[PDB]
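Q: sequence-free structure coming up:
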């Protein structure tokens, strides 16, 4: 592992960040002082959920809660393939992270994000309560249930 | 700014807490916004990720581009060398260590301090723990402030339960408790400080001397903050017996006397108060086991003091037989056992250690020359501090004085017969062998009482409000016929119990007749010594004279009735006696005390007093 | 923003196509 960390090959270190992510070694990746890994995540954060989650962990441990709430909220409003329940977790985290002070950011900007995440989380829970009840309902034909699961187990719908 | 880093976030947060503490509520809306952004910080007090090999080998393999979170940075042969150096000195992860160094380049503090880049990382790392821990003390301190709005006082209270102690609020709700994390947290500070001296001493045996001194200061401050946080948490009845046993074992395994022991003293005091005294876990059965458990020690004075405090605090149960159950238990045997244990603790030097700690706590760089040699004529056998620059705080001193006054009240209201028998034993010992110096237990105890009651008139008034209480009873009983040391200790106590004018007037009215000490005997002894010197003198007589002069000066500076009476009293004529004593062959201390007494008497005077003073001066100088 | 429109929906109790 010395030979690994003693390298200056950049495509290599990118390939190793991806490999650590694959194997699940949050142990070793979260323990890198470097910003090089943060910058690498900032480009692909809004591309994949698993990468965004890593980026948000780096922000939170650095008391940058508002920036994580921003990543999580945009991810919940996006058209990436994300389940409704995963979008409930993202909003719930963003709601908490925007409710606490982050230095350098105005109280107004925090509250406006904490409010957008609170409303979207309220709608998401309604949608989750619906989807669950509809799937379990004995009086609903199977043919329709599959159709319900397609349109409700994804991005959050209007009221 | 708005996008502040971890360091700037804690530094700004600290300023806000000081505002609310200094009666400035202009940042209420801004304060709540910070606690939510640093929620993950308050959860873990102090935790450094272990040095991993995955980052060590990867950092040096491709030191070209670094990705931390969302931003990206470029590593060069110069910066990469600082990461490995910082990680080795502090044993910190390469990823976390790199982030610290990156924060310095952005803020650009290398020019503000003109130091190597790798050294700044050590300071920046210590600053985080300082504010991260120091800010917690302000939260609990403000949550207990009674001079603020009740609503705001409760906001910081519930917040600390969840942010610091990890306890959710009442309106909601695998995890580890706070104490076990705090104990392990303080442990890391000790191991880190120990390894620091070993490595530092090796290379020393440079431009980093001041940095090492600042790091040691930050470490001791963080340890004091952790101790205060632990004390506050224990004050909320959030402990158990396992933590108490662990703390007792850690104390038994104590090696050297330093500031850490003085910081932990109040922790054990609060532990005994919550468990030993009937003001907490009032399980009488549980207290019996702890008594035998407390009653191996690498320092006997510590065990003696602990046993004395435990006995003093636990003797409050056996006062009456109506508030608790005391059936099928003998009293005389337990009383004799506690008495012999307290006597053994005294012989081992419990009060001596307490007095040495109290003295070392208020160690001041400079002292007023009007009180030189006061309370410094005993036989101190306890080793002193190494004199390193580790100044104490104010809240710690306040808590120490409060605990000492509480212990004094308990010992006075629970063990009067013990003090009586000790005084009689000392008297008979001094009588059967005057050539030898008996023990100074009572004098040391009175000096500790004086140190406890200093600059606190709210507590000193208790000795004058109720003249029929136990406090006034002991005050009047300690004024009977005794030796020079006891009289000097009582005079010093009276002098220190005159922080204001009301207490000074009360002491004046209580000293004069309305047997206990009276001004008549004082002036008689003064005239006797004057005639003896003018027709040798022992240290005890000089000490008594100096104590009398200091007491008179204090009463004249604090009280007005005494200043107006003694100045023109025909039966005393203190001025003539002090002048006849000063014109004699005596050391300079007595002359200085007489001059200070004259100054105090002449602090507020009129034309007639000025004329009389000038007449006396001319008559005695011509 | 809510807008009720009972007019044209999709029969929740009939399959598609």
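A: Structure received. Residues are numbered from 1 along each chain as shown, chains lettered A, B, ... in the order given.
Q: Distance-wise, check the closest residue to residue B:572 other than its chain neighbours relative to residue B:530.
A: With sequence-adjacent residues excluded and distances taken as Cβ to Cβ, 6 or more residues apart in numbering or on different chains, residue B:572 is closest to residue B:523, at 5.2 Å. Using the backbone N, CA and C atoms, a C-beta is placed for each residue, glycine as well. Between residue B:523 and residue B:530 the computed distance is 10 Å (Cβ to Cβ, to the nearest Å).
Q: From the centroid of chain B, which residue is nearest?
A: Per Cα atoms, centre = their mean, the C-alpha nearest to the average position across chain B is that of residue B:397, at 3.2 Å.
Q: Now do the phi/psi pair for that residue.
A: Taking degrees, to the nearest 10, you get phi -60, psi -40 for the backbone angles of residue B:397.
Q: again with the one 3 residues further on
A: Dihedral pair for residue B:400: phi -60, psi -40, per degrees, to the nearest 10.
Q: distance of it from residue B:374?
A: Residue B:400 is 20 Å from residue B:374, where distance means Cβ to Cβ.
Q: before we move on, the earlier item: ok, the residue nearest to residue B:572 - contacts?
A: By Cβ atoms under 8 Å, 6 or more residues apart in numbering or on different chains, the contact list for residue B:523 reads B:572, B:574, B:577.
Q: Closest one to residue B:32 out of those, please.
A: residue B:574 (63.0 Å; Cβ to Cβ).
Q: Would you check that that closest one makes contact with residue B:552?
A: Yes: contact between residue B:574 and residue B:552 holds when scored by Cβ atoms under 8 Å: they sit 7.2 Å apart.
Q: circling back: list the residues that contact both of residue B:523 and residue B:530?
A: residue B:577.
Q: by contact count, what packs against the lengthiest helix in chain A?
A: Ranked by number of residues, the top helix in chain A under DSSP state H is helix A:107-136. On a contact count with 3 or more Cβ pairs under 8 Å, 6 or more residues apart in numbering or on different chains; DSSP states H and E, helix A:107-136 meets helix A:65-77, helix A:84-98, helix A:142-152, helix B:28-37.
Q: Just the angle for that helix relative to helix A:84-98, thanks.
A: Calculated by axes from the mean of the first three to the mean of the last three Cα atoms, to 10 degrees, helix A:107-136 forms an angle of 160 degrees with helix A:84-98.
Q: Any chance you could spot the residue sitting in the middle of chain C?
A: Closest residue to the average C-alpha location of chain C: residue C:9 at 2.1 Å, with Cα atoms, centre = their mean.
Q: could you measure it against chain B, distance?
A: Distance, residue C:9 to chain B, by Cβ to the nearest Cβ, to the nearest Å: 39 Å.
Q: On the three-state scheme, that residue is what?
A: Following DSSP: H, G, I helix; E, B strand; the rest coil, we place residue C:9 in the coil state.
Q: same check, this time on residue B:66
A: strand.
Q: Can you name the residues bridging to the residue nearest to it when sequence neighbours are not counted?
A: Leaving aside its sequence neighbours, residue B:66 sits nearest to residue A:36 (Cβ to Cβ, 6+ apart; 2.4 Å). Counting by DSSP bridges, residue A:36 is bridged to residue B:67.
Q: unless I'm mixing things up, residue A:36 is touching residue A:16, no?
A: No: assessed by Cβ under 8 Å, residue A:36 is found out of contact with residue A:16, at 11.2 Å.
Q: Just give me the neighbour total for residue B:505.
A: 18 (other Cβ atoms under 10 Å in any protein chain shown).
Q: correction: residue B:446
A: 21.
Q: What number of neighbouring residues does the nearest residue to residue B:493 once chain neighbours are set aside come out with?
A: Leaving aside its chain neighbours, residue B:493 sits nearest to residue B:450 (4.5 Å; criterion: Cβ to Cβ, 6+ apart). A total of 20 residues lie near residue B:450 under the criterion other Cβ under 10 Å.
Q: try residue B:43
A: Look at residue B:43: counted by other Cβ under 10 Å, it has 14 neighbours.
Q: Out of the helices and strands packed on helix A:107-136, which one sits most buried?
A: Per residue and on average, the most neighbours among those fall to helix A:65-77, with a mean of 24 (mean count of other Cβ atoms under 10 Å in any protein chain shown).
Q: who are the neighbours of the helix or strand in which the residue nearest to residue B:493 is found, in terms of helices and strands?
A: Residue B:450 belongs to helix B:441-452 when elements are defined using DSSP states H and E. Under the contact criterion of 3+ Cβ pairs under 8 Å, 6+ apart, helix B:441-452 touches helix B:350-361, helix B:395-414, helix B:416-432, helix B:484-496.
Q: Could you check how far residue A:53 is from residue B:350?
A: From residue A:53 to residue B:350 the distance is 58 Å (Cβ to Cβ).
Q: If you count surrounding residues, which of these two has more?
A: Using other Cβ under 10 Å as the criterion, residue A:53 and residue B:350 rank with residue B:350 on top: 25 against 21.
Q: for that one, what are its contacts?
A: Counted by Cβ under 8 Å, 6+ apart, residue B:350 has contacts B:301, B:304, B:305, B:307, B:308.
Q: Residue A:36 and residue A:16 - which one has more neighbours?
A: residue A:36 (29 against 21).
Q: Please name the residues that touch that one.
A: A:13, B:65, B:66, B:67, B:68, B:72, B:73, B:74, B:75.
Q: The third one: what's it in contact with?
A: Looking back up the chat, that one is residue B:66. The neighbours of residue B:66, taking Cβ under 8 Å, 6+ apart as the test, are A:32, A:33, A:34, A:35, A:36, A:37, A:39, B:72, B:73, B:74, B:75, B:98.
Q: The third one sits in which helix or strand?
A: Translated: residue A:34. Using DSSP H and E, no helix or strand contains residue A:34.
Q: mind listing the helices for the stretch 51-200 of chain B?
A: Counting by DSSP state H, counting those that start in this stretch, one finds helices in the stretch 51-200 of chain B at the ranges B:53-61, B:77-90, B:94-107, B:110-113, B:117-143, B:150-163, B:178-204.
Q: host element of the residue of the stretch 451-600 of chain B found nearest chain C?
A: Nearest residue of the stretch 451-600 of chain B to chain C (Cβ to the nearest Cβ) works out as residue B:458 at 63.0 Å. In the assignment (DSSP H and E), residue B:458 maps to helix B:457-460.
Q: what separates the residue nearest to the spatial centre of chain A from chain B, distance-wise?
A: When Cα atoms, centre = their mean is applied to chain A, the residue found nearest the centroid is residue A:72 (4.4 Å). Using Cβ to the nearest Cβ, we find residue A:72 at a distance of 13 Å from chain B.
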